[PDB]
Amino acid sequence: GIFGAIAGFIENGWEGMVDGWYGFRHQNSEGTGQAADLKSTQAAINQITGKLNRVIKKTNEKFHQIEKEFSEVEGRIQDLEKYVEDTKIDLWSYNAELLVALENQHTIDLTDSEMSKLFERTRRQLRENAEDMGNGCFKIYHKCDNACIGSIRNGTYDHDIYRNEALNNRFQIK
């Protein structure tokens, strides 16, 4: 997409994540795990549900119109009755083709955005205790048990407690 996160610096998706659209995978001292993120998932879904309802509009509903098939050759007036209906169908076929094209381009780019937004939210939160590895993963430089991981996934991660521990693990003689 235009944000380069889905099909971009995230090498692939997770078929095994069925409780959301965006989520966390972690590896720490107690083991490994996976957890969907509800905010980003609900953000993307509510946008796609919204545009979907505008598209299935619904309006129209016509009753007595013009005849559109003819069993006799008639000439001028019939040439017009056909040209009008033909003109209209091409114009609506165009609208329908362009609508799906524009919408799908936007459906992809917004789902790309929601991924990038969840990454930036996580980046700001970790502050100076983690480095971006480049694949949507963070290396967290301090002991971060399940409580610490959970405090990131919910938005209550206090970087200050781990800052001194993390800053030392980053700077030395590697």
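All residue numbers refer to positions in the sequence shown, first residue = 1.
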| query | finding |
| --- | --- |
| Selected stretch [higher average CA B-factor]: 103-111 or 49-57 | 49-57 |
| Residue range whose averaged C-alpha B-factor is higher in the record, 136-144 or 60-68 | 136-144 |
| Which of 116, 34, 42, 125 ranks first by CA B-factor in the deposited coordinates | 42 |
| B-factor third for the C-alpha atom of residue 11 within its chain | middle |
